[PDB]
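Shown next as C-alpha cells: one chain only, the form deposited in one PDB entry.
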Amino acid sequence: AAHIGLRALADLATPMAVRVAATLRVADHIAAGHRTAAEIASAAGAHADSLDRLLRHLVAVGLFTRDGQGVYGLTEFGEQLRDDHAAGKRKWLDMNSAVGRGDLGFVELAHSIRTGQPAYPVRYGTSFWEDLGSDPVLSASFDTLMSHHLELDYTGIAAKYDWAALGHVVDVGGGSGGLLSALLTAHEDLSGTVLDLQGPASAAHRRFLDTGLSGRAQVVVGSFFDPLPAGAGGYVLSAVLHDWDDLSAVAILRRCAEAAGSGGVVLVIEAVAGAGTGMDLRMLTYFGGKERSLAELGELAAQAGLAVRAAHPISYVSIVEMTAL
C-alpha cells in the first residue's frame, strides 16, 4: 500500500464515512435528484451540517462532486455506491446488513489478537449465528449477501466439476439454496437437499418452491454438528469451514465423512489461502475462524478420516474433493 504515513494508513474516518454513506444511500438520493446537503439530509433523515461535512470528506476521498452552489454529484467511482449499481457493493457496507454490522466488530480486533477468540461478541454481546438466529431480518440480509457472493466467486461452477455423477447432493450449511439451485438448474437429473438452520432453510424452501425445483430440491432444518441425511452422492461445504476454528471444523467434516460413507464425496468449496489476509482477519473477528491452505485443510480432513484427492480452482475459490481415508 505505498507510503501514506502510518497515521493515514490507520485512518478510520474514511472507511467509516463510506460505510455511513452506504447506509444513508446518499448516492441513490443524489441520482433521484436531491443534490444539496439540505435535500440529501432530509431524504436520508440525517443532520444537515453533519451530513454536509461527511460529503465534503467523501468529495475529497474521490466519490463525490461539489459545485460552487453546493450541488453534489457522483463520480465514476461514487457510482458504485448506488444501490442499483451492477457490482452490488452498497449492501455489503450498509450498517444494517449482517456484514455491514459484523465488520464494525473489527474495532475490537485487539481482543481477538490477544485471546484468539472472536471479536464480534465483544461488541454485540452474543455470537454471530446467535444474533442472526434471533433476528430474521438480519438473517435474511446475510442470506442475500451469501447469495451475492456466489454470483461473484462461483460463476460457472456447474461445469467446472462433474456434479451430475453424484446423483444426490447434500449442501451442508447451504444457506438459501442459491448454490444447489444453480447445480440443479445445470444438471436436470440431479437432486439435492439444503441442510441449514431455520432461517436459511425456509428461504431455500421458498426459492425452490417459487422456482419449480421442489421436485428435485428439498431442505432440512438441522445443525451440521449433528447427524446429516446419509447416503447422498456428495456433501458440499460452501464457505463454511473457514467460519469455524480447527476443533469445530473437524467436527463438521466428521459428520460429512459419516454421511458419505465409503461411496460418498465431501467437497469443501471456499477461498483457499492463495482470498486475502483481509478475509482471514474477518473470519477471526467474526467467529474465530480462519482461511486455510490446502495443507491445513488436509490436516483437518485427516482428523475426520478423509483425504484430499483433488483441488480444482474456479475463479476466486477452489473445490477441494475429499473422500474416506
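Throughout, we count residues from 1 along the sequence that is shown. Basically, rigid core = biggest C-alpha set you can superpose within 1.5 Å across the two forms.
There is also a form deposited in another entry; it is not shown, and the following applies to it.
Core-based superposition between the shown form and the other one leaves all of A87, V107, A230, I113 but one with CA shifts under 2 Å; the exception is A87. Relative to the superposed rigid core, the position of the CA of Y72 differs between the shown form and the other one by 2 Å or more. Once both forms are fitted on their rigid core, the CA atom of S293 lies less than 2 Å apart between the shown form and the other one. After superposing the rigid core, the Cα of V265 is displaced by less than 2 Å between the shown form and the other one.
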